[PDB]
Amino acid sequence: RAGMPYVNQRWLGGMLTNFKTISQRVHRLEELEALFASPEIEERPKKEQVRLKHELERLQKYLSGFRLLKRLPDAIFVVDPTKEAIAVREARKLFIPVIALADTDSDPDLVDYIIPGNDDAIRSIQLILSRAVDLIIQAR
Amino acid sequence: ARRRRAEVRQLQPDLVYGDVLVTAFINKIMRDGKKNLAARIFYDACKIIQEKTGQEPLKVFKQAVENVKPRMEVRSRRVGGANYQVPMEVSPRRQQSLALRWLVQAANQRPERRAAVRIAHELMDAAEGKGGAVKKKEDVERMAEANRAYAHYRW
Amino acid sequence: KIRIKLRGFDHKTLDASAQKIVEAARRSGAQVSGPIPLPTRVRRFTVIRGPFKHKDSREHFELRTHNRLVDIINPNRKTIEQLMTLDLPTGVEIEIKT
Amino acid sequence: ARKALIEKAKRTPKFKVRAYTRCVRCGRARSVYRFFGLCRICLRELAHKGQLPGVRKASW
Amino acid sequence: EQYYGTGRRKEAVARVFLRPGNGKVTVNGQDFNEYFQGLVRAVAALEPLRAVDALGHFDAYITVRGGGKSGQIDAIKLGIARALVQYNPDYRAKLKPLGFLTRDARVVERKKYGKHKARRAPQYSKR
Amino acid sequence: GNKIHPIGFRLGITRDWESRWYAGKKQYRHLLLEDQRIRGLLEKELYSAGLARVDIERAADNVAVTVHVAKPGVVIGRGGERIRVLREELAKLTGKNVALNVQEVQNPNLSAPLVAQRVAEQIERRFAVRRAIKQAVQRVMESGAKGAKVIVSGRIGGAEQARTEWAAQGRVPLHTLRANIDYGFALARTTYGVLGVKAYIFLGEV
RNA sequence: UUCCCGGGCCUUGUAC
RNA sequence: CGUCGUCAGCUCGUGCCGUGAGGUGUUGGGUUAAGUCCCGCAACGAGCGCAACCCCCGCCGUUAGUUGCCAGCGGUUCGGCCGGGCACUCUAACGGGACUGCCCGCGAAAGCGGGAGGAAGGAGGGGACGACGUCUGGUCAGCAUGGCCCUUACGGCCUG
Ligand SMILES: [Zn+2]
């Protein structure tokens, strides 16, 4: 419910420091997605089609949402700064400001803009994220 | 085998009797892949049984089968370069295997000139409880249960 | 009443030649029997891959000949002149027998 | 596979039975086939190089 | 009127023709029993008949070619199965579970170079 | 080891026979012998021209020879005289009115035999082996050529011990049938013996 | 899968 | 060309760690015939590998019926023998079909157990295919070639 990308399955190690390599996978996913919707699929007998289906499914699961990033982002929003410490390190290394919904077991110093709250309790995340996205939409 | 369980092949039941034990028996009689000859031998033998002994030879065959069916077997074990003929339980499949095997070898062992008469005599005697196959079964049984001290080697 | 023999090593060019002949004949008036496929003949050569020893190598090669039949019925004169004129592919071999 | 041996096989040897077959490429006389007139090694090489019309790797 | 089935097993091919009648079977213009004379497995051909309370309704004309006697019988079996299926589809519901509508597809394996016959390696000793 | 011929593996599909004609058992041997003789003569002569392939066709008591050359200028000559004598040669060798034809290969960097003879000549001229191989593979890679691989046999730089060099880049799927991998072998003769060079080039699929 | 033979991978002591 | 061995392994690009040699990837849990696949994991991929693409066998269909075949017709000196017909087998070419595809249940997933439809059911059965390399492996007597050696002889021709 916004133009902003997201990562919600598993943070692949090196989405930022190795952005080009992951962009290669983005391109690959684009090419597959184009191919399956093309009238040239009558070649490549059924079994190879099934293999390509598996490949496409995997890339769709993992790389969905990330596809929107045509280049490096402008900021990062993380639910848990500790669970996603790798993303925090990458953002720090590439001078990308960090927004975190931290808790009692987090490091405040590693986040530029910190929201002291909860990481469990679905209600809390719902409220915070809803407010944030509403502020995003309103300011466009 | 290291992974699988080696599924048992399901034999096609015999035509005249509609039985699988008969098929297994005739298969065990087989040599050089001559099915027709083995079946002819079996049929002649059962006809001889019918003439000599009043009742149907199917029942006498089966009765001999569970007569010559053992329960204990001794198996070798290699611990510190020594032999340990531990007794062990036999599954019904294994029971059937050795039963049929002993029956056939004993049939071939008789001094009668014709094969059919040999197998018929062995069958009737094994049904009664005398002959080579029976004596061998009590042989293996007495070899078993005589070294019960080795039973701790569960294996 | 005229039988047309097609022999080849490559089945594709043989089929193309047979198709050309049948089409040309069919255009030229009278009907034809149609392409009759015949059992291909196979020659086999087993060799030793090694130049000196290891007689357990034994690579295989095959040479197969494909056959056709046309059997044009009710010959027409202009049909006849239509034959022996159409240039055949290089690989294909032709034979005519009444 | 001496040269002299190569030319010795190309003359009528006064009788039929003395005549035999030599490889037309290397002069071997041990594994020559009537159909091609080549030894097994030369046959294999030429088959692999694709210089034999219709001859192909067999598998069935 | 023609109830037809193919039947193929181990290189043997059959052609079966069932028609209403008193239950007379003939192969190659000869009696069944005479043709497979002495073969204990002959009766292994027509249990597809007795499975469906046939053997009293159908006269059979069989033309069978290729393979050996056992293959002959198996081809006949599959042929009659297919013909009975062609007669009335419902029979399938009671034929398939018994294993009569499957085409057995095990043939002679190709003899392989380096082996005596396709599996058996030449004996070697004194390692 | 002991990889098979990449061409012989694909005779059925993606590759085609060099010789295209039919003959019975009665006259197979004679045609094959004369074809071999023709190929020998042509390879001996036109080496300077940069020979690629020799196609032999027969239709009816006649031969249609097609020659793939890097530079047709050498073969044809100043006003088409050379070919004439060449024709005569073949006409003298086998008296069945042969019809010589010349075809020029587009972008000679994408023909394995040409790369092979080039590298062989480099070796014969006492070049540095490794550097030459890297240069060759890079040159092949520049002109599309989805894969390139070059192997040199042994006896590098007149050494006492033979050794394979080998170098490749791109995709070279030798195991896939639908590969269309072009193959070329050349032999180089030097003061210290013979060297073998192999070149594989991978061009698309299907 | 205890043992006989032949392999693969992961673990530990003394030399290049 | 043989063998390790049709064993499953051998590497690279970019990014991360360490001052550096280097490491990660390629380890751990599980599962496969497999570095096959899933999850976890500072790594994401790629190349040679495996698998697939190719051939044969197994089911069906469309073109094609002579030297192949003979179900329903008419003769037959009763043997497809003739007249006759491509229904069937076959013969070849082009395709369809098998994909854990559907259902029940068990698992976080790869998957597992059991069913149905099918000729075939969980790499359907074989073939061709041999990775980086090891073995100073084999072959100068298939051939090609470096260096030595002989050239009234170690060359060549006949009989035994
Ligand atoms: Zn030769």
# chains A, B, ... in the order shown; residues from 1 in each chain; ligands from 1
>>> closest_atom_pairs(of="chain D", to="ligand 1", cutoff="8 Å", atoms="only C-alpha atoms and all ligand atoms", output="Markdown table")
| residue | atom | partner | partner_atom_place_in_ligand_line | distance |
| --- | --- | --- | --- | --- |
| D:23 | CA | ligand 1 | 1 (Zn) | 4.8 |
| D:24 | CA | ligand 1 | 1 (Zn) | 6.6 |
| D:25 | CA | ligand 1 | 1 (Zn) | 4.9 |
| D:26 | CA | ligand 1 | 1 (Zn) | 4.1 |
| D:27 | CA | ligand 1 | 1 (Zn) | 6.0 |
| D:28 | CA | ligand 1 | 1 (Zn) | 5.5 |
| D:32 | CA | ligand 1 | 1 (Zn) | 7.6 |
| D:38 | CA | ligand 1 | 1 (Zn) | 5.2 |
| D:39 | CA | ligand 1 | 1 (Zn) | 4.2 |
| D:40 | CA | ligand 1 | 1 (Zn) | 6.8 |
| D:41 | CA | ligand 1 | 1 (Zn) | 6.0 |
| D:42 | CA | ligand 1 | 1 (Zn) | 4.4 |
| D:43 | CA | ligand 1 | 1 (Zn) | 7.3 |
>>> write_last_selection(atoms="N, CA and C atoms", output="CSV table (one decimal), in the first residue's frame")
chain,number,residue,atom,x,y,z
D,23,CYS,N,45.0,-51.5,-46.1
D,23,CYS,CA,44.3,-50.3,-45.9
D,23,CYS,C,44.8,-49.2,-46.9
D,24,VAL,N,43.9,-48.5,-47.5
D,24,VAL,CA,44.2,-47.6,-48.6
D,24,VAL,C,44.7,-46.3,-48.0
D,25,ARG,N,44.8,-46.1,-46.7
D,25,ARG,CA,45.2,-44.9,-46.0
D,25,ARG,C,46.5,-45.0,-45.3
D,26,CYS,N,46.7,-46.2,-44.7
D,26,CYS,CA,47.9,-46.4,-43.8
D,26,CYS,C,48.7,-47.6,-44.2
D,27,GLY,N,48.1,-48.5,-45.0
D,27,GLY,CA,48.8,-49.7,-45.4
D,27,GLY,C,48.8,-50.9,-44.4
D,28,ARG,N,47.9,-50.8,-43.4
D,28,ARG,CA,47.7,-51.9,-42.5
D,28,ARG,C,47.0,-53.0,-43.2
D,32,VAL,N,41.2,-54.6,-41.9
D,32,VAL,CA,40.6,-54.0,-43.0
D,32,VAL,C,39.3,-54.6,-43.4
D,38,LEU,N,39.4,-49.8,-45.4
D,38,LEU,CA,40.1,-49.1,-44.4
D,38,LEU,C,40.3,-50.0,-43.2
D,39,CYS,N,41.4,-49.8,-42.4
D,39,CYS,CA,41.6,-50.4,-41.1
D,39,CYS,C,40.7,-49.7,-40.1
D,40,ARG,N,40.5,-50.4,-38.9
D,40,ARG,CA,39.6,-50.0,-37.9
D,40,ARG,C,39.9,-48.6,-37.4
D,41,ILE,N,41.2,-48.3,-37.3
D,41,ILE,CA,41.7,-47.0,-36.7
D,41,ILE,C,41.3,-45.9,-37.7
D,42,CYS,N,41.6,-46.1,-39.0
D,42,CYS,CA,41.3,-45.1,-40.0
D,42,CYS,C,39.8,-44.9,-40.2
D,43,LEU,N,39.0,-46.1,-40.1
D,43,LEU,CA,37.6,-46.1,-40.2
D,43,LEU,C,37.0,-45.2,-39.0
>>> select_by_dssp(residues="range 92-126 of chain A", states="strand (DSSP E or B)", output="PyMOL selection string")
chain A and resi 98-100+113-114
>>> interface_residues(of="chain H", to="chain A", cutoff="8 Å", atoms="only C-alpha atoms (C1' of nucleotides)", output="list in words")
residues 14, 15, 16, 42, 43, 44, 45, 52 and 99 of chain H
>>> residues_around(residues="residue 113 in chain H", least_positions_apart="5", cutoff="12 Å", atoms="only C-alpha atoms (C1' of nucleotides)", output="list in words")
residues 104, 105 and 106 of chain H
>>> write_last_selection(atoms="C-alpha atoms (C1' of nucleotides)", output="PDB file, in the first residue's frame")
ATOM      1  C1'   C H 104      -6.573 -38.211   1.474  1.00  0.00           C
ATOM      2  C1'   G H 105      -3.283 -37.892   5.445  1.00  0.00           C
ATOM      3  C1'   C H 106       1.893 -36.657   7.800  1.00  0.00           C
TER       4        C H 106
END
>>> residues_around(residues="residue 4 in chain G", least_positions_apart="2", cutoff="12 Å", atoms="only C-alpha atoms (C1' of nucleotides)", output="PDB file with N, CA, C and O atoms (P, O5', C5', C4', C3', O3' and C1' of nucleotides), in the first residue's frame")
ATOM      1  N   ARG B  78      30.895 -62.957  14.002  1.00  0.00           N
ATOM      2  CA  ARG B  78      32.335 -62.752  13.987  1.00  0.00           C
ATOM      3  C   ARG B  78      32.718 -61.702  15.028  1.00  0.00           C
ATOM      4  O   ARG B  78      32.690 -60.503  14.750  1.00  0.00           O
TER       5      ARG B  78
ATOM      6  P     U G   2      28.247 -51.574  11.522  1.00  0.00           P
ATOM      7  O5'   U G   2      29.132 -52.646  12.302  1.00  0.00           O
ATOM      8  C5'   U G   2      28.505 -53.735  13.009  1.00  0.00           C
ATOM      9  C4'   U G   2      29.471 -54.866  13.267  1.00  0.00           C
ATOM     10  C3'   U G   2      30.622 -55.033  12.282  1.00  0.00           C
ATOM     11  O3'   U G   2      31.743 -54.209  12.585  1.00  0.00           O
ATOM     12  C1'   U G   2      29.581 -57.126  12.629  1.00  0.00           C
ATOM     13  P     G G   6      41.664 -53.168  -0.334  1.00  0.00           P
ATOM     14  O5'   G G   6      40.708 -52.195  -1.202  1.00  0.00           O
ATOM     15  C5'   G G   6      40.666 -52.361  -2.642  1.00  0.00           C
ATOM     16  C4'   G G   6      39.603 -51.469  -3.235  1.00  0.00           C
ATOM     17  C3'   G G   6      39.623 -49.996  -2.817  1.00  0.00           C
ATOM     18  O3'   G G   6      40.608 -49.248  -3.518  1.00  0.00           O
ATOM     19  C1'   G G   6      37.399 -50.818  -2.795  1.00  0.00           C
TER      20        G G   6
END
>>> interface_residues(of="chain F", to="chain A", cutoff="12 Å", atoms="only C-alpha atoms", output="number ranges by chain")
F: 178, 205-206
>>> write_last_selection(atoms="N, CA and C atoms", output="PDB file, in the first residue's frame")
ATOM      1  N   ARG F 178      22.392 -30.367 -28.087  1.00  0.00           N
ATOM      2  CA  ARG F 178      21.880 -29.199 -28.790  1.00  0.00           C
ATOM      3  C   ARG F 178      22.800 -27.994 -28.571  1.00  0.00           C
ATOM      4  N   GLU F 205      22.367 -22.237 -29.094  1.00  0.00           N
ATOM      5  CA  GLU F 205      21.744 -23.524 -28.826  1.00  0.00           C
ATOM      6  C   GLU F 205      20.620 -23.784 -29.826  1.00  0.00           C
ATOM      7  N   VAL F 206      20.006 -24.972 -29.705  1.00  0.00           N
ATOM      8  CA  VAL F 206      18.847 -25.412 -30.477  1.00  0.00           C
ATOM      9  C   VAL F 206      19.164 -25.360 -31.980  1.00  0.00           C
TER      10      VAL F 206
END
>>> atom_distance(atom1="CA of residue 107 in chain E", atom2="CA of residue 10 in chain E")
5.4 Å
>>> decode(residues="range 33-181 of chain F", atoms="C-alpha atoms", output="CSV table (one decimal), in the first residue's frame")
chain,number,residue,atom,x,y,z
F,33,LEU,CA,39.2,-43.3,-52.0
F,34,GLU,CA,38.8,-40.6,-54.7
F,35,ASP,CA,37.2,-38.3,-52.2
F,36,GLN,CA,40.1,-38.8,-49.8
F,37,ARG,CA,42.6,-38.1,-52.6
F,38,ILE,CA,40.7,-34.9,-53.6
F,39,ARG,CA,40.7,-33.7,-49.9
F,40,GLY,CA,44.4,-34.5,-49.6
F,41,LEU,CA,45.3,-32.6,-52.7
F,42,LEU,CA,43.2,-29.6,-51.8
F,43,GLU,CA,44.5,-29.4,-48.2
F,44,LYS,CA,48.1,-29.6,-49.5
F,45,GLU,CA,47.5,-26.8,-52.0
F,46,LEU,CA,45.1,-24.3,-50.5
F,47,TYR,CA,46.8,-24.1,-47.1
F,48,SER,CA,48.0,-20.5,-47.8
F,49,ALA,CA,44.4,-19.5,-48.5
F,50,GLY,CA,43.2,-20.5,-45.0
F,51,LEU,CA,41.2,-23.6,-45.6
F,52,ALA,CA,38.1,-24.2,-43.5
F,53,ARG,CA,35.9,-27.0,-45.0
F,54,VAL,CA,35.7,-29.2,-48.1
F,55,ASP,CA,32.2,-30.3,-49.1
F,56,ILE,CA,31.9,-33.1,-51.7
F,57,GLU,CA,28.6,-33.6,-53.6
F,58,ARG,CA,27.7,-36.1,-56.3
F,59,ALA,CA,24.5,-35.9,-58.3
F,60,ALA,CA,25.0,-38.0,-61.5
F,61,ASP,CA,28.5,-39.0,-62.7
F,62,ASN,CA,29.7,-35.5,-61.5
F,63,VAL,CA,31.3,-33.9,-58.5
F,64,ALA,CA,30.4,-30.6,-56.8
F,65,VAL,CA,33.3,-29.5,-54.6
F,66,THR,CA,32.7,-26.5,-52.2
F,67,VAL,CA,35.7,-24.9,-50.5
F,68,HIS,CA,35.3,-22.6,-47.5
F,69,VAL,CA,38.1,-20.1,-47.5
F,70,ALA,CA,38.9,-17.1,-45.2
F,71,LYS,CA,40.1,-15.0,-48.2
F,72,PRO,CA,38.9,-15.9,-51.7
F,73,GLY,CA,41.4,-13.6,-53.3
F,74,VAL,CA,44.2,-16.2,-52.9
F,75,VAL,CA,42.2,-19.1,-54.3
F,76,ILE,CA,40.6,-17.3,-57.3
F,77,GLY,CA,43.5,-15.1,-58.4
F,78,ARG,CA,43.9,-12.1,-60.7
F,79,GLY,CA,41.0,-12.7,-63.1
F,80,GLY,CA,40.0,-16.3,-62.2
F,81,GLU,CA,42.9,-18.2,-63.8
F,82,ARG,CA,44.2,-20.0,-60.7
F,83,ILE,CA,41.0,-21.8,-60.1
F,84,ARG,CA,40.9,-22.9,-63.7
F,85,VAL,CA,44.2,-24.8,-63.5
F,86,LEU,CA,43.1,-26.1,-60.1
F,87,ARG,CA,39.9,-27.4,-61.8
F,88,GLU,CA,42.1,-29.0,-64.5
F,89,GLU,CA,44.1,-30.7,-61.8
F,90,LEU,CA,41.0,-32.3,-60.3
F,91,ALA,CA,39.7,-33.0,-63.8
F,92,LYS,CA,43.0,-34.8,-64.5
F,93,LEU,CA,42.9,-36.6,-61.2
F,94,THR,CA,39.4,-38.0,-61.6
F,95,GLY,CA,37.8,-37.6,-65.0
F,96,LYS,CA,34.3,-36.7,-64.0
F,97,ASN,CA,34.0,-33.0,-64.9
F,98,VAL,CA,34.2,-31.6,-61.3
F,99,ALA,CA,32.7,-28.2,-60.6
F,100,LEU,CA,34.7,-26.2,-58.1
F,101,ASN,CA,33.0,-23.6,-55.9
F,102,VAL,CA,34.4,-21.1,-53.3
F,103,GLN,CA,32.6,-19.7,-50.3
F,104,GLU,CA,34.0,-17.1,-47.9
F,105,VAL,CA,33.5,-17.6,-44.2
F,106,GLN,CA,32.0,-14.6,-42.3
F,107,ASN,CA,34.1,-13.3,-39.4
F,108,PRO,CA,37.0,-15.9,-39.6
F,109,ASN,CA,37.3,-15.6,-35.8
F,110,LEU,CA,34.3,-17.9,-35.4
F,111,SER,CA,35.8,-20.9,-37.2
F,112,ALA,CA,37.6,-23.4,-35.0
F,113,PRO,CA,39.9,-24.8,-37.8
F,114,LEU,CA,41.1,-21.3,-38.7
F,115,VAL,CA,41.9,-20.5,-35.0
F,116,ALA,CA,43.7,-23.9,-34.9
F,117,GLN,CA,46.0,-23.2,-37.9
F,118,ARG,CA,46.6,-19.6,-36.7
F,119,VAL,CA,47.8,-20.9,-33.3
F,120,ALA,CA,49.8,-23.6,-35.0
F,121,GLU,CA,51.6,-21.1,-37.1
F,122,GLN,CA,52.2,-18.9,-34.0
F,123,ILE,CA,53.7,-22.0,-32.3
F,124,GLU,CA,55.8,-22.8,-35.4
F,125,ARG,CA,57.2,-19.2,-35.3
F,126,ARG,CA,58.6,-19.7,-31.7
F,127,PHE,CA,56.0,-17.5,-30.1
F,128,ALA,CA,55.1,-17.5,-26.4
F,129,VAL,CA,52.5,-20.2,-25.9
F,130,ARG,CA,50.4,-19.0,-22.9
F,131,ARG,CA,50.2,-15.4,-24.1
F,132,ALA,CA,49.2,-16.6,-27.6
F,133,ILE,CA,46.4,-18.8,-26.1
F,134,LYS,CA,45.0,-15.9,-24.0
F,135,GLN,CA,45.1,-13.6,-27.1
F,136,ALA,CA,43.3,-16.2,-29.2
F,137,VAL,CA,40.6,-16.9,-26.6
F,138,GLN,CA,40.0,-13.2,-26.1
F,139,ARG,CA,39.8,-12.6,-29.9
F,140,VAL,CA,37.2,-15.4,-30.2
F,141,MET,CA,35.2,-14.0,-27.2
F,142,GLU,CA,35.1,-10.5,-28.8
F,143,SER,CA,33.0,-11.7,-31.8
F,144,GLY,CA,30.0,-13.1,-29.9
F,145,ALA,CA,31.1,-16.8,-29.6
F,146,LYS,CA,29.3,-17.7,-26.3
F,147,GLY,CA,32.2,-20.0,-25.4
F,148,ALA,CA,35.9,-20.6,-26.3
F,149,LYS,CA,38.4,-23.2,-25.3
F,150,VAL,CA,42.0,-23.8,-26.6
F,151,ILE,CA,44.4,-26.7,-25.6
F,152,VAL,CA,48.0,-27.2,-26.5
F,153,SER,CA,49.5,-30.7,-26.4
F,154,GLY,CA,53.0,-30.6,-25.0
F,155,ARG,CA,56.8,-30.0,-25.4
F,156,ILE,CA,56.3,-26.3,-24.7
F,157,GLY,CA,59.3,-24.1,-25.6
F,158,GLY,CA,61.5,-27.0,-26.7
F,159,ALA,CA,61.5,-28.3,-23.0
F,160,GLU,CA,62.5,-31.8,-22.1
F,161,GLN,CA,59.1,-32.5,-20.5
F,162,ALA,CA,55.8,-32.3,-22.3
F,163,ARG,CA,52.8,-30.5,-20.7
F,164,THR,CA,49.3,-29.4,-21.5
F,165,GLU,CA,48.6,-25.7,-21.2
F,166,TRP,CA,44.9,-25.2,-21.7
F,167,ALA,CA,42.8,-22.0,-21.4
F,168,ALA,CA,39.1,-21.2,-21.8
F,169,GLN,CA,36.3,-18.7,-21.1
F,170,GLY,CA,32.6,-18.6,-21.6
F,171,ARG,CA,30.2,-21.6,-21.7
F,172,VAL,CA,31.5,-24.8,-23.3
F,173,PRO,CA,28.9,-27.5,-22.7
F,174,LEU,CA,30.5,-30.5,-24.3
F,175,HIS,CA,27.9,-32.8,-22.8
F,176,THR,CA,24.8,-31.3,-24.4
F,177,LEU,CA,23.6,-32.4,-27.8
F,178,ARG,CA,21.9,-29.2,-28.8
F,179,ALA,CA,25.1,-27.2,-28.5
F,180,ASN,CA,26.4,-26.7,-32.0
F,181,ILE,CA,30.1,-26.6,-30.8
